[PDB]
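Notes for the one structure printed next.
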Amino acid sequence: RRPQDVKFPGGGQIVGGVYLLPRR
Amino acid sequence: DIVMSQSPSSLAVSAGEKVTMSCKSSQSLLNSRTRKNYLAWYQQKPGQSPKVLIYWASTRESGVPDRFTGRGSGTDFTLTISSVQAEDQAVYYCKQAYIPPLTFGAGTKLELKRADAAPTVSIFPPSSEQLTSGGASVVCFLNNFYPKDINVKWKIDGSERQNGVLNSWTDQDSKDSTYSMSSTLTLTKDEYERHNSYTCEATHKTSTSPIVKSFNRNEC
Amino acid sequence: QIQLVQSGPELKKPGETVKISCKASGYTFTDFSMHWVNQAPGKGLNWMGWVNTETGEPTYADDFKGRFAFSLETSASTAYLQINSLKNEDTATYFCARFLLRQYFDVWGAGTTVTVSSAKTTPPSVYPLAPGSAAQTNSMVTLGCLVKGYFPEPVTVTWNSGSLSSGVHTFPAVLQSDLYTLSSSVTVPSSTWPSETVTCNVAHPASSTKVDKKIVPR
Amino acid sequence: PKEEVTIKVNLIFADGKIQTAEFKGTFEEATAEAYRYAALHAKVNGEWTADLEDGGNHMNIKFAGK
């Protein structure tokens, strides 16, 4: 098989809330 | 922090019916930033590890049967299984992430109902092997049956012995919505080697009259 | 597919220290941090905490302050969990799962059945259940395999190394005097049996056993 | 102080269906927990006319399915 993805952007920046774009 | 609690604490629906259990947070879960309520629900059947069914409260995972349904937002969430298949004999929890630390709910129990049906008593003797040593155990089996409330009573030679018995009720079966249980009457070789009529009367509801299954040492 | 694997269950005595594992194989280990979920017996799930699969730092929750530590040799893809000074109440089943951004757990483990007690590990005894030395004959039936006196849990009866799956009611243990007792029962068709070798399989992880005992007729 | 007992209940529905659920907790929250759920299912399956029995420990929450 071909290794997954789902790695996408983000990374690991403050759990106690999200981390996907709070626009300007 | 976010107290959590789900409800009800059990549910005994029937094949093909719709269920509505709860899970109500404590202090908001709609995260502004995201526009998603960080509620998630998990189904742990007996023994497997839980499995989440829905995220963002309402979003159904890739794999999850279209028939499960996560509604709720802000502070009032609901999970719904129409036409609840049997297999669904699971337990459901829910969790929040909007604020560490994470918290599940006590969990809502989903049992199942269905047609009633007496049991299948099978009685078994102390195997040659074991017989070699201090204690014999006779075993009886009340396989597959709906519903849970049944009983048992042994008898050492036309005589109910309520000493040394061990019953182990199972978990609602896997594909029929049933139940079965095990009673393991045990006795010292001698204590055993005395009497000779071994019977296994197990009362249920399916019949005013019990299912009798006996076993007379002096035929083996 | 994608899976995480935990060391097997483990037994320990009031006051020890212990280390369970969680080897994952199906995703770039370090590209999702690993969390630990706990679960007592018949009780609920408690969120242990988690390890930043990068930062390689831990965050414990209140109720896991001290004593409970997390670690991970980022390499051989396996994130640890270690405990100290176990207590009776420390007995419970453990877990590790992958936690994405969405905010849930897509894959967890099988969990570690770890239990903490004195009691001396003691190997189980398997017995067979063929119905009477003589009797009736319909279509279906049952065979047994009572698994007496053992400790600590857990045990696993299966039938023919697999084969037989439904038909089985492998029941739940019981504790009467620092030892476990437990049964399981199957059911084939009298045509098949005994013309066909029905061997139940019981193994007790703890004494590194695996007794496979053939239900021979009476 | 406070104990933490349970509530046996029956959830009859209009069409003649009968489901069954348990509510455990401080009789206040306990009970409270059942009516704030009985007052439920209603936003699609009818209204409700509960009726406690046995020290209230049993309730039969009926459902008009209106």
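Ligands are numbered from 1 in the order shown, residues from 1 within each chain, and chains are lettered A, B, ... in the order they appear in the structure tokens.
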Next item on the list: Using only C-alpha atoms, find the residues of chain B whose closest atom to chain C is at most 9 Å away, then write them as a PyMOL selection string.
Entry: chain B and resi 38-42+47-52+54-56+61+93+95-98+100-107+122-130+137+139+141+143-144+166-171+173-174+180-182+184+215+219-220
Note to self: Residues near stretch 61-66 of chain D, anyone? I mean within 7 Å using only C-alpha atoms, not counting same-chain ones fewer than 3 positions away, as a PyMOL selection string.
What the structure shows: chain D and resi 10-14+38+45-51
Next item on the list: Within 12 Å of residue B:207, counting only C-alpha atoms, which residues show up once you throw out same-chain ones fewer than 2 positions away? Write them as JSON, numbers by chain, please.
Entry: {"B": [116, 117, 118, 119, 150, 202, 203, 204, 205, 209, 210, 211, 212]}
Next item on the list: Using only C-alpha atoms, determine which residues of chain B fall within 7 Å of chain D; present them as number ranges by chain.
Entry: B: 8-13
Using DSSP on the backbone coordinates, identify the residues of chain D assigned to strand (DSSP E); present them as a short mmCIF file (atom, residue, chain, number, x, y, z; two decimals) with N, CA, C and O atoms, in the first residue's frame.
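Wrote it out as states.cif, contents follow:
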data_model
loop_
_atom_site.label_atom_id
_atom_site.label_comp_id
_atom_site.auth_asym_id
_atom_site.auth_seq_id
_atom_site.Cartn_x
_atom_site.Cartn_y
_atom_site.Cartn_z
N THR D 6 -32.20 4.95 41.86
CA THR D 6 -32.55 5.02 40.57
C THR D 6 -34.11 5.22 40.28
O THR D 6 -34.91 4.95 41.22
N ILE D 7 -34.63 5.48 39.01
CA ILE D 7 -36.04 5.58 38.73
C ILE D 7 -36.49 4.69 37.70
O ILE D 7 -36.22 4.76 36.58
N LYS D 8 -37.26 3.78 38.06
CA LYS D 8 -37.77 2.74 37.07
C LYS D 8 -38.85 3.54 36.29
O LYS D 8 -39.82 4.16 36.88
N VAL D 9 -38.77 3.48 34.94
CA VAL D 9 -39.82 4.10 34.14
C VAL D 9 -40.12 3.50 32.91
O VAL D 9 -39.37 2.74 32.33
N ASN D 10 -41.34 3.78 32.49
CA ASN D 10 -41.93 3.14 31.18
C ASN D 10 -42.30 4.31 30.26
O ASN D 10 -42.86 5.41 30.84
N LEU D 11 -42.00 4.18 28.95
CA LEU D 11 -42.23 5.27 28.07
C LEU D 11 -43.15 4.81 27.00
O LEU D 11 -42.76 4.48 25.97
N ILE D 12 -44.45 4.86 27.28
CA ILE D 12 -45.49 4.49 26.35
C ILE D 12 -45.66 5.34 25.31
O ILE D 12 -45.74 6.35 25.60
N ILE D 18 -43.54 0.59 23.45
CA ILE D 18 -43.24 0.78 24.72
C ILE D 18 -41.76 0.49 24.66
O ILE D 18 -41.21 -0.64 24.32
N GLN D 19 -41.05 1.53 25.12
CA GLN D 19 -39.66 1.53 25.29
C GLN D 19 -39.47 1.63 26.82
O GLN D 19 -40.37 1.92 27.52
N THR D 20 -38.25 1.31 27.29
CA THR D 20 -37.90 1.35 28.66
C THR D 20 -36.53 1.93 29.04
O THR D 20 -35.54 1.49 28.53
N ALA D 21 -36.53 2.90 29.97
CA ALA D 21 -35.35 3.61 30.46
C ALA D 21 -35.16 3.87 32.06
O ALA D 21 -36.11 3.68 32.71
N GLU D 22 -33.91 4.10 32.58
CA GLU D 22 -33.66 4.18 33.93
C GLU D 22 -33.06 5.44 34.07
O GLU D 22 -32.22 5.82 33.23
N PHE D 23 -33.39 6.16 35.24
CA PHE D 23 -32.82 7.50 35.55
C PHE D 23 -32.34 7.36 36.99
O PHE D 23 -33.08 7.06 37.92
N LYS D 24 -31.01 7.56 37.11
CA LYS D 24 -30.44 7.52 38.42
C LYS D 24 -29.89 8.97 39.00
O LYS D 24 -29.50 9.82 38.18
N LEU D 52 -46.39 9.18 38.36
CA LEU D 52 -45.64 8.52 39.33
C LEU D 52 -46.48 7.50 40.17
O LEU D 52 -47.79 7.52 40.26
N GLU D 53 -45.66 6.51 40.76
CA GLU D 53 -46.18 5.36 41.59
C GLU D 53 -44.93 4.83 42.45
O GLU D 53 -43.79 5.24 42.16
N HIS D 58 -41.45 4.79 40.23
CA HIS D 58 -41.89 4.27 39.02
C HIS D 58 -42.78 5.28 38.47
O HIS D 58 -43.66 5.80 39.14
N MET D 59 -42.59 5.49 37.17
CA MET D 59 -43.36 6.53 36.37
C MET D 59 -43.62 5.89 34.97
O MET D 59 -42.92 5.03 34.55
#
Rows by chain and residue number, chain C within 10 Å of chain A, shortest pair, only C-alpha atoms, as a tab-separated table:
residue	atom	partner	partner_atom	distance
C:1	CA	A:1	CA	9.9
C:2	CA	A:4	CA	9.2
C:26	CA	A:4	CA	7.4
C:27	CA	A:4	CA	6.4
C:28	CA	A:4	CA	8.3
C:30	CA	A:11	CA	9.8
C:31	CA	A:7	CA	6.6
C:32	CA	A:11	CA	8.0
C:33	CA	A:12	CA	8.1
C:52	CA	A:12	CA	7.6
C:53	CA	A:12	CA	9.0
C:54	CA	A:12	CA	8.3
C:55	CA	A:12	CA	8.5
C:100	CA	A:6	CA	9.2
C:101	CA	A:18	CA	7.4
C:102	CA	A:18	CA	8.5
C:103	CA	A:18	CA	8.5
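When the distance limit is 9 Å and only C-alpha atoms are what count, the residues near stretch 67-69 of chain C, minus those fewer than 3 positions from it on the same chain, are residues 48, 58, 60, 64, 80, 81, 82, 83, 84, 85 and 86 of chain C.
Distance check against residue D:28 using only C-alpha atoms: of D:16, D:60, D:43, D:5, the minimum falls on D:5.
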Checklist line | Test item: residues at most 8 Å from residue C:154, only C-alpha atoms, excluding those fewer than 5 positions along its chain, as a PyMOL selection string | finding: chain C and resi 9+113+204-206
Notebook entry, point to check: Using only C-alpha atoms, which residue out of C:51, C:34, C:135, C:40 lies closest to residue C:88?
Noted result: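 Smallest separation from residue C:88 among the options: C:40.
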Contacts of residue B:185 within 6 Å, only C-alpha atoms, excl. fewer than 3 positions in-chain, as a compact mmCIF listing (two decimals) with N, CA, C and O atoms, in the first residue's frame:
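And here is the file that came out, around.txt:
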# COMPACT_ATOMS: atom_id res chain seq x y z
N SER B 137 -17.19 -30.29 39.97
CA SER B 137 -18.05 -29.29 39.69
C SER B 137 -19.04 -29.70 38.60
O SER B 137 -18.73 -30.27 37.51
N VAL B 138 -20.21 -29.45 38.89
CA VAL B 138 -21.12 -29.84 37.90
C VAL B 138 -21.38 -28.52 37.15
O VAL B 138 -21.43 -27.47 37.84
N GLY B 164 -22.26 -23.38 47.54
CA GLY B 164 -21.21 -23.68 46.66
C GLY B 164 -21.56 -23.43 45.25
O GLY B 164 -20.95 -24.05 44.33
N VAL B 165 -22.55 -22.64 45.05
CA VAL B 165 -22.95 -22.48 43.67
C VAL B 165 -22.40 -21.12 43.19
O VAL B 165 -22.17 -20.20 43.96
Notebook entry, point to check: So how far away is atom CA of residue C:150 from atom CA of residue C:203, in Å?
Noted result: 10.9 Å
Check: Which residues come within 8 Å of residue C:151, counting only C-alpha atoms, excluding same-chain residues fewer than 3 positions away, as an MDAnalysis selection string?
Finding: chainID C and resid 119:124 154 178:180 206
Selection above as a file: C-alpha atoms, as a PDB file, in the first residue's frame:
ATOM      1  CA  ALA C 119      -2.470 -12.711  45.435  1.00  0.00           C
ATOM      2  CA  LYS C 120      -0.260 -15.178  43.915  1.00  0.00           C
ATOM      3  CA  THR C 121      -0.376 -15.574  40.184  1.00  0.00           C
ATOM      4  CA  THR C 122      -1.782 -18.908  39.821  1.00  0.00           C
ATOM      5  CA  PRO C 123      -2.390 -20.999  36.497  1.00  0.00           C
ATOM      6  CA  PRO C 124      -5.794 -22.130  35.569  1.00  0.00           C
ATOM      7  CA  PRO C 154      -7.568 -12.117  32.207  1.00  0.00           C
ATOM      8  CA  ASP C 178      -8.403 -15.146  45.747  1.00  0.00           C
ATOM      9  CA  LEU C 179      -8.973 -17.209  42.534  1.00  0.00           C
ATOM     10  CA  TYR C 180     -11.003 -16.955  39.407  1.00  0.00           C
ATOM     11  CA  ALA C 206      -0.476 -14.449  33.111  1.00  0.00           C
TER      12      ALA C 206
END
